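One structure below.
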Amino acid sequence: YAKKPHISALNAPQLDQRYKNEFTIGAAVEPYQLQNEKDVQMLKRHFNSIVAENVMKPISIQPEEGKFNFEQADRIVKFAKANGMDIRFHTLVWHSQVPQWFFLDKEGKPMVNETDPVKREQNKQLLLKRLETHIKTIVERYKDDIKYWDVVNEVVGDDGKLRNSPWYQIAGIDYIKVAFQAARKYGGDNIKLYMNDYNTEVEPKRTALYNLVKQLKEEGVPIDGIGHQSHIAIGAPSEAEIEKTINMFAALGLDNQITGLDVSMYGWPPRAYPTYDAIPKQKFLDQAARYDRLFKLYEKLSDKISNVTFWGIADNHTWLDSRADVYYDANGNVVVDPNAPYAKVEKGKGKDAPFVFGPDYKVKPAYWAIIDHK
Ligand SMILES: O[C@@H]1[C@@H](O)[C@H](O[C@@H]2CO[C@H](F)[C@H](O)[C@H]2O)OC[C@H]1O
Ligand SMILES: [Cl-]
Ligand SMILES: [Cl-]
Ligand SMILES: [Zn+2]
Ligand SMILES: [Zn+2]
Ligand SMILES: [Zn+2]
Ligand SMILES: [Zn+2]
């Protein structure tokens with residue numbers, strides 16, 4: 001409701017306790033944020049689950065072979081443990097933010113550039129062993145503190161085919177299998193293993209993702225659930241389809257986690273307003289309408305969803321700003337009509353507003369939509 005006031009989120013009724021019997025409520029954080037007093041209060045008050053926005057990624061963990069950097073990751077694990085929060089590990093395997101040393105042969109050449117089958121099969125086994133060693137060191141350190149793991153991120157392509165990353169080119173599908181088997185082997189039967197991707201609703205990828213996980217489970221590959229990043233917009237995808245997607249995977253026995261939730265003010269591509277003060281109040285009512293529908297569907301499907309995690313804490317920090325391109329006509333007036341004329345774009349220079357918390361840490365229309373029981 002829009003009559004409900006813009007009160008401080010440190011005073012608002014606690015978001016995790018409202019959903020505590022349906023799924024955990026998480027946020028993606030950066031280690032600098034555990035040094036900001038307002039973010040610490042936000043995390044303490046409102047969330048019971050946590051994930052590293054960045055520092056647990058392949059390049060953050062092992063930038064050179066043998067150089068393991070856990071100081072940052074540790075800082076998050078410590079803080080969650082201190083405040084009884086669940087941890088997700090994002091992510092063990094990815095085609096972005098992954099050091100290039102993974103994919104070089106013994107003479108340091110791009111393993112992809114090899115033509116020899118003999119040298120190709122060699123590079124594959126080397127890549128798989130580098131992977132098992134990467135997963136191994138991480139999992140051994142964190143197995144008793146990090147329950148939920150994004151083993152692989154974003155491996156199915158949007159074209160319905162497996163993403164042709166160096167992983168896929170060099171090692172074929174087996175890099176995926178080696179990934180989940182490594183995590184299970186060193187972390188044991190108590191950590192949960194997920195495959196994590198975006199557009200898990202959009203076809204052909206959705207059923208591509210469905211086929212891949214089904215075949216892998218049929219092959220004994222240990223994968224416990226699906227992660228839906230859920231970088232969505234106010235109107236799309238439909239709650240209908242979201243439900244069809246969560247229903248599909250739950251049918252195979254897989255858990256579902258909303259892993260990177262943010263509701264964008266914009267479309268695709270974004271035509272973003274240049275500042276926060278520049279977004280009209282009505283967009284905040286559209287967004288709250290969606291969050292209400294969205295979180296009602298999450299609650300109906302609570303027995304199929306174990307966690308819901310936003311890709312940030314409050315509107316003052318969201319990676320969505322990097323996609324917030326601002327469009328300027330010839331007279332230099334901002335253009336936000338998706339088809340209107342324009343002359344220049346300033347990429348990543350704009351502001352988005354995706355969370356239920358505004359950049360001054362006061363509750364948005366969206367917070368009230370999901371905190372009530374209507
Ligand atoms: O800070 C940025 C970070 O927020 C971003 O994280 C990805 C966002 O899209 C998905 F949810 C991925 O799994 C995340 O890893 O990546 C770029 C980084 O600079
Ligand atoms: Cl970011
Ligand atoms: Cl504000
Ligand atoms: Zn709490
Ligand atoms: Zn960030
Ligand atoms: Zn405000
Ligand atoms: Zn509601």
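Ideal geometry is used to build each Cβ from the backbone, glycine not excepted, and the neighbour counts take in all protein chains shown. Any read-out appearing in this document is the output of simple, stated calculations on the displayed coordinates, not a laboratory observation.
Quick check, is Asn69 outside any strand (DSSP E or B), over 18 Å from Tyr194 (Cβ atoms), of a type in the set (S, T, N, Q) and touching a residue at least 40 places away in the same chain (Cβ under 8 Å)?
No: the conditions fail for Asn69.
Just to be sure before I move on: is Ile146 surrounded by 20 or more Cβ atoms within 10 Å (Cβ to Cβ), aliphatic (A, V, I, L, M) and outside any helix (DSSP H, G or I) in the structure I sent?
yes
Limited to the range 327-361, what total is found for residues that are farther than 30 Å from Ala9 by Cα, in contact with a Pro (Cβ under 9 Å, 6 or more places away or on another chain) and of a type in the set (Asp, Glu)?
Residues flagged as farther than 30 Å from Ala9 by Cα, in contact with a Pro (Cβ under 9 Å, 6 or more places away or on another chain) and of a type in the set (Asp, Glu) within the range 327-361 amount to 2.
Would you mention how many residues in the range 43-60 are surrounded by fewer than 21 Cβ atoms within 10 Å (Cβ to Cβ) and part of a helix (DSSP H, G or I)?
4
Among the listed residues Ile223, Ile258, identify the single one that is assigned to a loop (DSSP other than H, G, I, E, B) and farther than 20 Å from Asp325 by Cβ.
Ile223
Here are some conditions: (1) in contact with a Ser or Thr (Cβ under 9 Å, 6 or more places away or on another chain); (2) touching a residue at least 60 places away in the same chain (Cβ under 8 Å); (3) among the small types (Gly, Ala, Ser). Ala288 meets all but one. Which one does it not meet?
Result: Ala288 fails condition (1) only.
Tally the residues that are assigned to a loop (DSSP other than H, G, I, E, B) and in contact (Cβ under 8 Å) with a residue 12 or more places away in the chain, restricting the search to the range 22-42.
Narrowing the range 22-42 to residues assigned to a loop (DSSP other than H, G, I, E, B): 22-23, 30, 36.
Restricting the remaining residues to those that are in contact (Cβ under 8 Å) with a residue 12 or more places away in the chain gives 22-23, 30.
The total comes to 3.
Could we say that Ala369 is aliphatic (A, V, I, L, M), more than 16 Å from ligand 1 (Cβ to nearest atom) and either touching a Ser or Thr at 6+ places or on another chain (Cβ under 9 Å) or over 23 Å from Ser8 (Cα atoms) (or both) here?
Answer is no for this residue.
Considering only the range 316-332, state which residues are of a type in the set (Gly, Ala, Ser) and within 12 Å of ligand 5 (Cβ to nearest atom).
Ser322
Among the residues of the range 243-284, count how many are surrounded by 15 or more Cβ atoms within 10 Å (Cβ to Cβ) and not polar (S, T, N, Q). If you could, list the steps in order and put the result at the bottom.
Just the residues of the range 243-284 that are surrounded by 15 or more Cβ atoms within 10 Å (Cβ to Cβ), to begin with: 243, 245-246, 248-250, 254-266, 270-274, 276, 279, 283-284.
Within this subset, residues satisfying the condition of being not polar (S, T, N, Q) are 243, 246, 248-250, 254-255, 258, 260-263, 265-266, 270-274, 276, 279, 283-284.
Adding up the residues that qualify gives 23.
Given the residues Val308, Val334, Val356, which is the only one that is in contact with a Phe, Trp or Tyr (Cβ under 7 Å, 6 or more places away or on another chain), of a type outside the set (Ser, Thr, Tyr), touching a residue at least 60 places away in the same chain (Cβ under 8 Å) and more than 18 Å from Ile234 (Cα to Cα)? Quick ask: steps written out before the conclusion?
Details: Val308 fails: more than 18 Å from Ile234 (Cα to Cα); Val356 fails: more than 18 Å from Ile234 (Cα to Cα).
After applying the criteria, what remains is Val334.
Over 20 Å from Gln229 (Cβ atoms), among the acidic types (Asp, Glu) and within 13 Å of ligand 3 (Cβ to nearest atom): which single residue out of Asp360, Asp292, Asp315 fits that description?
Result of the check over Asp360, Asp292, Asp315: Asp360.
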